$ cat coords.cif   # mmCIF, C-alpha atoms and all ligand atoms
data_model
#
loop_
_atom_site.group_PDB
_atom_site.id
_atom_site.type_symbol
_atom_site.label_atom_id
_atom_site.label_comp_id
_atom_site.auth_asym_id
_atom_site.auth_seq_id
_atom_site.Cartn_x
_atom_site.Cartn_y
_atom_site.Cartn_z
ATOM 1 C CA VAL A 3 77.689 109.664 60.240
ATOM 2 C CA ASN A 4 77.265 105.879 60.056
ATOM 3 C CA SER A 5 76.170 103.096 62.416
ATOM 4 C CA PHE A 6 79.563 101.417 63.192
ATOM 5 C CA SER A 7 80.267 101.527 66.943
ATOM 6 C CA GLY A 8 83.123 100.888 69.195
ATOM 7 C CA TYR A 9 85.838 101.148 66.551
ATOM 8 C CA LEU A 10 89.303 102.508 67.196
ATOM 9 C CA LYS A 11 90.332 105.028 64.537
ATOM 10 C CA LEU A 12 93.686 104.182 62.935
ATOM 11 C CA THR A 13 93.854 106.753 60.119
ATOM 12 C CA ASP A 14 91.596 109.213 58.325
ATOM 13 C CA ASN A 15 89.745 106.291 56.712
ATOM 14 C CA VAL A 16 90.657 103.018 58.510
ATOM 15 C CA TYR A 17 88.975 101.808 61.712
ATOM 16 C CA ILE A 18 89.499 98.563 63.672
ATOM 17 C CA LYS A 19 87.597 96.556 66.290
ATOM 18 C CA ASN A 20 87.738 93.219 68.048
ATOM 19 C CA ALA A 21 84.552 91.673 66.685
ATOM 20 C CA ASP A 22 83.050 88.673 64.948
ATOM 21 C CA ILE A 23 82.375 89.922 61.408
ATOM 22 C CA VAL A 24 79.244 87.742 61.246
ATOM 23 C CA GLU A 25 77.780 89.296 64.383
ATOM 24 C CA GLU A 26 79.042 92.690 63.365
ATOM 25 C CA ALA A 27 77.338 92.263 59.973
ATOM 26 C CA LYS A 28 74.125 90.966 61.577
ATOM 27 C CA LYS A 29 73.833 94.098 63.694
ATOM 28 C CA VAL A 30 75.005 96.808 61.361
ATOM 29 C CA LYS A 31 73.525 95.497 58.003
ATOM 30 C CA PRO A 32 76.296 97.357 56.205
ATOM 31 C CA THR A 33 75.996 98.200 52.527
ATOM 32 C CA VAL A 34 79.078 96.022 51.866
ATOM 33 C CA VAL A 35 80.595 93.143 53.826
ATOM 34 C CA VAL A 36 83.876 91.769 52.459
ATOM 35 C CA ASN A 37 84.400 88.022 52.265
ATOM 36 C CA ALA A 38 87.855 86.444 52.386
ATOM 37 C CA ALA A 39 87.152 84.375 49.280
ATOM 38 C CA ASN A 40 89.112 81.930 47.167
ATOM 39 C CA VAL A 41 89.020 81.888 43.362
ATOM 40 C CA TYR A 42 86.407 79.093 43.331
ATOM 41 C CA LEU A 43 84.123 80.833 45.854
ATOM 42 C CA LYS A 44 84.234 77.624 47.916
ATOM 43 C CA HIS A 45 83.324 78.987 51.344
ATOM 44 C CA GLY A 46 84.526 76.163 53.502
ATOM 45 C CA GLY A 47 86.261 77.746 56.469
ATOM 46 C CA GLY A 48 87.736 80.850 57.981
ATOM 47 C CA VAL A 49 85.756 84.031 57.446
ATOM 48 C CA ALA A 50 84.120 82.611 54.309
ATOM 49 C CA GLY A 51 82.873 79.480 56.026
ATOM 50 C CA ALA A 52 81.462 81.527 58.917
ATOM 51 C CA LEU A 53 79.769 84.060 56.626
ATOM 52 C CA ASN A 54 78.330 81.305 54.467
ATOM 53 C CA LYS A 55 77.086 79.341 57.504
ATOM 54 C CA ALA A 56 75.322 82.479 58.754
ATOM 55 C CA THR A 57 73.447 82.648 55.398
ATOM 56 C CA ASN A 58 72.250 79.029 55.790
ATOM 57 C CA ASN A 59 74.394 78.131 52.709
ATOM 58 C CA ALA A 60 72.590 80.628 50.445
ATOM 59 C CA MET A 61 75.915 82.374 49.816
ATOM 60 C CA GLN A 62 77.386 79.086 48.532
ATOM 61 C CA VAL A 63 74.377 78.382 46.290
ATOM 62 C CA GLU A 64 74.625 81.845 44.729
ATOM 63 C CA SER A 65 78.404 81.494 44.397
ATOM 64 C CA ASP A 66 78.187 78.136 42.622
ATOM 65 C CA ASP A 67 75.870 79.682 40.019
ATOM 66 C CA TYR A 68 78.311 82.612 39.620
ATOM 67 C CA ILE A 69 81.247 80.263 38.987
ATOM 68 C CA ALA A 70 79.270 78.043 36.610
ATOM 69 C CA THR A 71 78.549 81.152 34.506
ATOM 70 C CA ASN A 72 81.798 83.133 34.818
ATOM 71 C CA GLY A 73 84.566 80.740 35.861
ATOM 72 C CA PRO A 74 86.990 81.377 38.706
ATOM 73 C CA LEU A 75 88.101 84.742 39.980
ATOM 74 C CA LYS A 76 91.716 85.920 39.742
ATOM 75 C CA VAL A 77 93.932 86.028 42.810
ATOM 76 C CA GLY A 78 93.774 89.728 43.675
ATOM 77 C CA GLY A 79 90.312 90.009 42.105
ATOM 78 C CA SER A 80 86.762 90.284 43.354
ATOM 79 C CA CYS A 81 83.088 90.069 42.528
ATOM 80 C CA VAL A 82 79.972 91.661 44.017
ATOM 81 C CA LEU A 83 77.195 89.273 45.015
ATOM 82 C CA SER A 84 74.274 89.423 47.421
ATOM 83 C CA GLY A 85 74.859 90.097 51.101
ATOM 84 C CA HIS A 86 71.900 87.840 51.966
ATOM 85 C CA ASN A 87 70.857 88.377 55.610
ATOM 86 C CA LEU A 88 74.197 89.996 56.521
ATOM 87 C CA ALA A 89 74.541 93.094 54.292
ATOM 88 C CA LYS A 90 73.155 94.605 51.114
ATOM 89 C CA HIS A 91 76.124 93.272 49.117
ATOM 90 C CA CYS A 92 79.027 90.923 49.682
ATOM 91 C CA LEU A 93 82.300 91.871 48.013
ATOM 92 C CA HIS A 94 84.129 88.549 47.595
ATOM 93 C CA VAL A 95 87.844 89.451 47.485
ATOM 94 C CA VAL A 96 90.630 86.939 46.818
ATOM 95 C CA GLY A 97 93.805 87.703 48.700
ATOM 96 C CA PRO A 98 96.847 85.523 48.015
ATOM 97 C CA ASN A 99 96.953 82.313 50.057
ATOM 98 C CA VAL A 100 100.500 81.828 51.381
ATOM 99 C CA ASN A 101 99.601 78.200 52.176
ATOM 100 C CA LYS A 102 99.175 77.809 48.384
ATOM 101 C CA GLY A 103 102.382 79.693 47.508
ATOM 102 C CA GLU A 104 100.698 82.759 45.916
ATOM 103 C CA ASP A 105 102.588 86.005 45.568
ATOM 104 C CA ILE A 106 102.105 88.331 48.526
ATOM 105 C CA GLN A 107 102.466 91.355 46.327
ATOM 106 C CA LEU A 108 98.969 90.471 45.071
ATOM 107 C CA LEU A 109 97.697 91.593 48.475
ATOM 108 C CA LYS A 110 97.819 95.245 47.360
ATOM 109 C CA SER A 111 95.788 94.390 44.242
ATOM 110 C CA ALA A 112 93.248 92.607 46.460
ATOM 111 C CA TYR A 113 92.807 95.656 48.711
ATOM 112 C CA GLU A 114 92.411 97.941 45.660
ATOM 113 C CA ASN A 115 88.981 96.346 45.137
ATOM 114 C CA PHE A 116 87.819 98.082 48.327
ATOM 115 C CA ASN A 117 88.257 101.492 46.633
ATOM 116 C CA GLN A 118 85.194 100.813 44.462
ATOM 117 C CA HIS A 119 82.984 101.074 47.593
ATOM 118 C CA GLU A 120 82.546 104.140 49.791
ATOM 119 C CA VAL A 121 82.169 102.183 53.068
ATOM 120 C CA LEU A 122 82.940 98.523 53.892
ATOM 121 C CA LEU A 123 82.992 96.097 56.804
ATOM 122 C CA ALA A 124 85.912 93.807 56.179
ATOM 123 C CA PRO A 125 88.360 91.286 57.571
ATOM 124 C CA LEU A 126 92.090 91.596 57.125
ATOM 125 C CA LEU A 127 92.785 90.078 53.713
ATOM 126 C CA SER A 128 95.076 87.042 53.560
ATOM 127 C CA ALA A 129 95.048 86.755 57.390
ATOM 128 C CA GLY A 130 93.865 83.696 59.316
ATOM 129 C CA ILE A 131 93.923 80.475 57.298
ATOM 130 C CA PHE A 132 95.290 82.359 54.262
ATOM 131 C CA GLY A 133 98.631 82.401 56.075
ATOM 132 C CA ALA A 134 99.851 85.988 55.738
ATOM 133 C CA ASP A 135 101.109 88.138 58.603
ATOM 134 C CA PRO A 136 98.080 90.176 59.779
ATOM 135 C CA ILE A 137 100.349 93.097 60.747
ATOM 136 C CA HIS A 138 101.603 93.261 57.110
ATOM 137 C CA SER A 139 98.025 92.937 55.889
ATOM 138 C CA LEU A 140 96.984 95.891 58.057
ATOM 139 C CA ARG A 141 99.869 97.981 56.700
ATOM 140 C CA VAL A 142 98.906 97.218 53.087
ATOM 141 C CA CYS A 143 95.271 98.011 53.899
ATOM 142 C CA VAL A 144 96.158 101.421 55.348
ATOM 143 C CA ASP A 145 98.508 102.219 52.449
ATOM 144 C CA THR A 146 96.058 101.073 49.716
ATOM 145 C CA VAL A 147 92.438 101.632 50.740
ATOM 146 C CA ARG A 148 91.229 105.233 50.473
ATOM 147 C CA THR A 149 87.533 104.567 51.155
ATOM 148 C CA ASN A 150 86.164 104.063 54.662
ATOM 149 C CA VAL A 151 86.975 100.590 55.956
ATOM 150 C CA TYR A 152 85.842 99.077 59.265
ATOM 151 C CA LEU A 153 88.059 96.089 60.083
ATOM 152 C CA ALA A 154 86.682 93.310 62.254
ATOM 153 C CA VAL A 155 89.352 91.195 63.950
ATOM 154 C CA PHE A 156 87.958 88.040 65.545
ATOM 155 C CA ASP A 157 90.899 87.214 67.841
ATOM 156 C CA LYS A 158 91.293 89.547 70.824
ATOM 157 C CA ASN A 159 95.045 88.645 71.246
ATOM 158 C CA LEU A 160 95.790 89.517 67.615
ATOM 159 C CA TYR A 161 93.703 92.694 67.838
ATOM 160 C CA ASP A 162 95.803 93.922 70.770
ATOM 161 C CA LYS A 163 99.020 93.092 68.904
ATOM 162 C CA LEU A 164 97.821 94.921 65.770
ATOM 163 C CA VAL A 165 96.917 98.076 67.730
ATOM 164 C CA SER A 166 100.049 98.073 69.883
ATOM 165 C CA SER A 167 102.354 97.611 66.872
ATOM 166 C CA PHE A 168 100.581 100.052 64.520
ATOM 167 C CA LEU A 169 102.766 102.825 63.131
HETATM 168 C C1 LIG A 201 90.761 87.812 59.530
HETATM 169 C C2 LIG A 201 91.795 86.938 60.144
HETATM 170 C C3 LIG A 201 92.593 87.589 61.157
HETATM 171 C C4 LIG A 201 91.983 86.733 62.184
HETATM 172 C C5 LIG A 201 91.113 87.489 63.120
HETATM 173 O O1 LIG A 201 90.092 88.082 62.681
HETATM 174 O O2 LIG A 201 91.394 87.532 64.347
HETATM 175 N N1 LIG A 201 91.227 86.041 61.161
HETATM 176 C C6 LIG A 201 90.290 84.933 61.140
HETATM 177 O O3 LIG A 201 89.821 84.579 60.111
HETATM 178 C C7 LIG A 201 89.932 84.208 62.434
HETATM 179 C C8 LIG A 201 90.933 83.827 63.318
HETATM 180 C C9 LIG A 201 90.602 83.159 64.491
HETATM 181 O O4 LIG A 201 91.619 82.782 65.376
HETATM 182 N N2 LIG A 201 89.344 82.878 64.779
HETATM 183 C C10 LIG A 201 88.353 83.230 63.944
HETATM 184 C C11 LIG A 201 87.033 82.898 64.300
HETATM 185 C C12 LIG A 201 85.988 83.250 63.463
HETATM 186 C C13 LIG A 201 86.230 83.922 62.275
HETATM 187 F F1 LIG A 201 85.175 84.248 61.473
HETATM 188 C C14 LIG A 201 87.532 84.247 61.916
HETATM 189 C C15 LIG A 201 88.599 83.894 62.764
#
$ encode --input "coords.cif" --output "structure tokens"
Amino acid sequence: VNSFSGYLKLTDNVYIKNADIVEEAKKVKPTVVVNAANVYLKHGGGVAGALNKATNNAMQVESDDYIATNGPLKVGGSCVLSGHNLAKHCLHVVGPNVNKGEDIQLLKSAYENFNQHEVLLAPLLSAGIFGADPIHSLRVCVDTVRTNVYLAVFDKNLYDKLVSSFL
């Protein structure tokens, strides 16, 4: 038993809700919140900008130190950093950005990072400003993640489309 509420169950291990991941994180304090990161951990907009804003820019300060030490992430890769006031940990995961021409097949590699964590609150990778089809992203999530994932979908119209079209 865990503290996530109001989720619709899609499969044995994947759950989905219409929610703001920031507010969802603020209430649940999950062990892991997933950020929709880029390779530079520049959290300017989308999910990353909202998560970072909710940390009063502490996420960005920590991220800049990480990059100065380690260099950029790989597309499809991830790193674990602090969850600040939102979660114990933040798993920064880089899905391919279609608006940068990155290969969509890397989306499966991106979701594989979730399997290193027993339970996660997450957005749909490569959705939103990353330009992928959220329905495809949901399919890859279901077919790749084996750990327990709670997906927060900000837009109510998209949420309804994702549920109604789910196979
Ligand atoms: C994860 C992808 C799918 C879509 C969604 O969750 O609905 N995403 C967003 O990043 C997003 C979109 C949108 O229209 N408003 C948003 C408002 C706040 C926020 F933090 C994210 C969004």
$ atom_distance --input "coords.cif" --atom1 "CA of residue 68 in chain A" --atom2 "CA of residue 32 in chain A"
22.3 Å
$ resolve_selection --input "coords.cif" --expression "the PyMOL selection byres (((not hetatm)) within 8 of (chain A and resi 201))" --output "PyMOL selection string"
chain A and resi 20-24+38+48-53+125-131+136+154-161
$ closest_residue --input "coords.cif" --among "A:3, A:153, A:34, A:12" --to "residue 166 in chain A" --atoms "only C-alpha atoms"
A:12
$ closest_residue --input "coords.cif" --among "A:169, A:61, A:36, A:164" --to "residue 92 in chain A" --atoms "only C-alpha atoms"
A:36
$ residues_around --input "coords.cif" --residues "residue 109 in chain A" --least-positions-apart "6" --cutoff "8 Å" --atoms "all atoms listed in the file" --output "MDAnalysis selection string"
chainID A and resid 78 97:98 127:128 139 142
$ write_last_selection --input "coords.cif" --atoms "C-alpha atoms" --output "PDB file, in the coordinates of the input"
ATOM      1  CA  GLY A  78      93.774  89.728  43.675  1.00  0.00           C
ATOM      2  CA  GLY A  97      93.805  87.703  48.700  1.00  0.00           C
ATOM      3  CA  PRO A  98      96.847  85.523  48.015  1.00  0.00           C
ATOM      4  CA  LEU A 127      92.785  90.078  53.713  1.00  0.00           C
ATOM      5  CA  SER A 128      95.076  87.042  53.560  1.00  0.00           C
ATOM      6  CA  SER A 139      98.025  92.937  55.889  1.00  0.00           C
ATOM      7  CA  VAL A 142      98.906  97.218  53.087  1.00  0.00           C
TER       8      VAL A 142
END
$ atom_distance --input "coords.cif" --atom1 "CA of residue 62 in chain A" --atom2 "CA of residue 79 in chain A"
18.1 Å
$ build_atoms --input "coords.cif" --residues "range 118-136 of chain A" --atoms "N, CA, C and O atoms" --output "compact mmCIF listing (two decimals), in the coordinates of the input"
# COMPACT_ATOMS: atom_id res chain seq x y z
N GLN A 118 86.41 100.67 45.26
CA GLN A 118 85.19 100.81 44.46
C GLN A 118 83.95 100.97 45.32
O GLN A 118 82.84 101.04 44.78
N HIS A 119 84.10 101.02 46.65
CA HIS A 119 82.98 101.07 47.59
C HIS A 119 83.27 102.12 48.66
O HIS A 119 84.35 102.11 49.25
N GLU A 120 82.30 102.99 48.91
CA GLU A 120 82.55 104.14 49.79
C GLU A 120 82.78 103.72 51.24
O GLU A 120 83.57 104.37 51.95
N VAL A 121 82.08 102.69 51.70
CA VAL A 121 82.17 102.18 53.07
C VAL A 121 82.08 100.66 53.05
O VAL A 121 81.21 100.09 52.38
N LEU A 122 82.93 99.99 53.84
CA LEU A 122 82.94 98.52 53.89
C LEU A 122 83.23 98.04 55.31
O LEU A 122 84.02 98.65 56.03
N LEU A 123 82.60 96.92 55.67
CA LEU A 123 82.99 96.10 56.80
C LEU A 123 83.83 94.95 56.26
O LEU A 123 83.40 94.28 55.33
N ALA A 124 85.00 94.73 56.81
CA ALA A 124 85.91 93.81 56.18
C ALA A 124 86.79 93.09 57.19
O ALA A 124 87.08 93.61 58.28
N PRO A 125 87.28 91.92 56.84
CA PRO A 125 88.36 91.29 57.57
C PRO A 125 89.69 91.71 56.96
O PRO A 125 89.76 92.28 55.87
N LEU A 126 90.76 91.41 57.68
CA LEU A 126 92.09 91.60 57.12
C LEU A 126 92.37 90.54 56.05
O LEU A 126 92.38 89.34 56.33
N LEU A 127 92.59 91.00 54.82
CA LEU A 127 92.78 90.08 53.71
C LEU A 127 94.06 89.27 53.90
O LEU A 127 95.09 89.77 54.36
N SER A 128 93.99 88.01 53.51
CA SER A 128 95.08 87.04 53.56
C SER A 128 95.49 86.66 54.98
O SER A 128 96.45 85.90 55.13
N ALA A 129 94.78 87.15 56.01
CA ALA A 129 95.05 86.76 57.39
C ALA A 129 94.43 85.39 57.67
O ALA A 129 93.90 84.73 56.77
N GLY A 130 94.49 84.96 58.93
CA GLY A 130 93.86 83.70 59.32
C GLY A 130 94.42 82.55 58.49
O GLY A 130 95.64 82.43 58.27
N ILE A 131 93.51 81.68 58.02
CA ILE A 131 93.92 80.47 57.30
C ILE A 131 94.58 80.76 55.95
O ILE A 131 95.11 79.83 55.33
N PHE A 132 94.56 82.02 55.48
CA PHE A 132 95.29 82.36 54.26
C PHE A 132 96.79 82.56 54.51
O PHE A 132 97.55 82.70 53.54
N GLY A 133 97.23 82.59 55.76
CA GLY A 133 98.63 82.40 56.08
C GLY A 133 99.52 83.62 56.04
O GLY A 133 100.72 83.48 56.31
N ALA A 134 99.00 84.81 55.73
CA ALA A 134 99.85 85.99 55.74
C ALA A 134 99.95 86.56 57.15
O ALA A 134 99.17 86.23 58.04
N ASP A 135 100.93 87.43 57.34
CA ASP A 135 101.11 88.14 58.60
C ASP A 135 100.04 89.22 58.71
O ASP A 135 100.03 90.14 57.88
N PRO A 136 99.14 89.15 59.69
CA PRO A 136 98.08 90.18 59.78
C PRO A 136 98.61 91.59 59.97
O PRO A 136 97.95 92.55 59.57
